[PDB]
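Side chains are part of it too, since the values below use all heavy atoms of this structure and drop only hydrogens, waters and symmetry mates. Each ligand, and each atom within it, is numbered from 1 in the order the structure gives. Naming: A, B, ... by sequence-line order, numbering from 1 per chain.
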Amino acid sequence: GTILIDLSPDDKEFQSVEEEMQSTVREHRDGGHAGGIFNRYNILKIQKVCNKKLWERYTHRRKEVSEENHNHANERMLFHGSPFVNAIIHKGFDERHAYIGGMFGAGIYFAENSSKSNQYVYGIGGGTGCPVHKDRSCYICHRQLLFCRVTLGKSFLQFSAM
Amino acid sequence: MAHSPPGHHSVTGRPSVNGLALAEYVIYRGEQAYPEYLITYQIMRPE
Ligand SMILES: O=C1Oc2ccccc2C12CCN(c1nc3c(c(=O)[nH]1)CCCC3)CC2
Ligand SMILES: [Zn+2]
């Protein structure tokens with residue numbers, strides 16, 4: 001059901017999404033251990049994910065949540081990095097994509113910092129790095145992140161010690 | 001998957017020590033996110 005539409009680097013939509021990626025890189029307290037050492041990305045491709053059944057399933061839940069939160073979906077665009085990105089764009093998010101040991105409970109996690117989600121493209125803590133070179137800071141292998149539409153509704157604010 | 005806190009649809013995890021670290025968010029239902037853009041990229045070695 002899923003179709004991928006390539007955006008042109010000359011399209012303002014491509015440039016806007018790249019801008020969100022580049023401008024939300026930060027330094028991480030692990031010195032780069034998990035996601036590698038870098039200040040910016042080389043963006044190779046940005047594709048729109050089109051799936052009618054997944055979108056209708058998303059918008060149906062969004063409507064429900066909206067009606068439960070003084071008519072406010074509280075919808076954000078947030079990054080998600082994961083070894084299972086191929087399963088996510090074809091089948092959607094579900095509990096197998098949930099971080100069981102996350103600081104805020106077993107659920108599906110998203111980041112405002114693109115570089116935070118980059119720490120998880122090869123797994124938790126960067127796993128063993130890229131499959132070809134076993135290098136968490138690989139500058140050669142291609143990585144993939146998702147930039148997702150996320151309905152937060154009424155969000156419980158939890159301050160962390162990070 | 002866990003449940004969200006009662007009366008809430010998600011959790012906002014907000015770093016309180018590193019002022020430059022942005023927020024992290026958790027949802028507990030797959031239907032509350034849509035993977036809109038797939039971004040293929042490399043990290044670049046600092047010059
Ligand atoms: O990496 C994984 O390996 C497995 C292996 C099995 C199940 C789930 C996972 C995740 C766990 C956590 N995942 C993730 N966590 C976070 C952020 C993010 O983009 N992805 C950004 C905010 C900080 C937390 C991806 C899926
Ligand atoms: Zn590699």
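- Near A:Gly123, with a cut-off below 4.0 Å to any heavy atom, the atoms of ligand 1 are 1 (O).
- Not a single heavy atom of A:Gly127 sits less than 4.0 Å from an atom of ligand 1.
- For atom 22 (C) of ligand 1, the candidate residues are A:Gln119, A:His97, A:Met162, A:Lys116; the nearest heavy-atom contact is made by A:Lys116.
- Of the options A:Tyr109, A:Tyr122, B:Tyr25, the smallest heavy-atom separation from atom 24 (C) of ligand 1 is shown by A:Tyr109.
- Under a hydrophobic clustering in which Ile, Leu, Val, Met, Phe, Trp and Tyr are joined whenever their side-chain heavy atoms come within less than 4.5 Å, directly or via other members, A:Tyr120 and B:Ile39 fall into different clusters.
- For A:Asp135, the side chain to side chain contact (heavy atoms under 4.5 Å, CB included) test picks out A:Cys130, A:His133, A:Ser137, A:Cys138, with sequence neighbours left out.
- The distance criterion of under 3.5 Å between nitrogen or oxygen atoms is met by A:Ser117 with respect to ligand 1.
- The parts of A:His80 lying near ligand 1 are both backbone and side chain, judged by heavy-atom distances below 4.0 Å.
- Between the A:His97 side chain and the A:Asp94 main chain, a donor and an acceptor come within less than 3.5 Å of each other.
- Taking every non-hydrogen atom of A:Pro83 and a distance limit under 4.0 Å, the qualifying atoms of ligand 1 come out as 1 (O), 2 (C), 3 (O).
- Proximity of a side-chain donor or acceptor of B:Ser16 to a complementary backbone N or O of A:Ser160 within less than 3.5 Å is detected.
- Note on ligand 1: A:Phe84 sits in its first shell, one or more heavy atoms being nearer than 4.0 Å.
- Residue nearest to atom 21 (C) of ligand 1, selected from A:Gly101, A:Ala98, A:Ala111, A:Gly126: A:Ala111 (by heavy-atom distance).
- A:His90 NE2: more than 12 foreign heavy atoms inside a 6.0 Å radius.
- A salt bridge is defined here as a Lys NZ or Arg NE, NH1 or NH2 lying under 4.0 Å from an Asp or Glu carboxylate O, and A:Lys48 with A:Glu13 meets this definition.
- The two residues A:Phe79 and A:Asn113 have their closest heavy-atom pair at CD1-C, 4.2 Å.
- Ion pairing of A:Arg149 with B:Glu36 is present here, as a side-chain N (NZ or NE/NH1/NH2) and a carboxylate O approach within less than 4.0 Å.
- A salt bridge does not link A:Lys154 with A:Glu68: none of the charged nitrogens is closer than 4.0 Å to a carboxylate oxygen.
- Distances under 2.8 Å from the Zn ion (ligand 2) pick out the protein N/O/S atoms A:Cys130 SG, A:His133 ND1, A:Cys138 SG, A:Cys141 SG.
- For the atom pair A:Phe110 CZ and A:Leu152 CG, the distance stands at 9.5 Å (nearest 0.5 Å).
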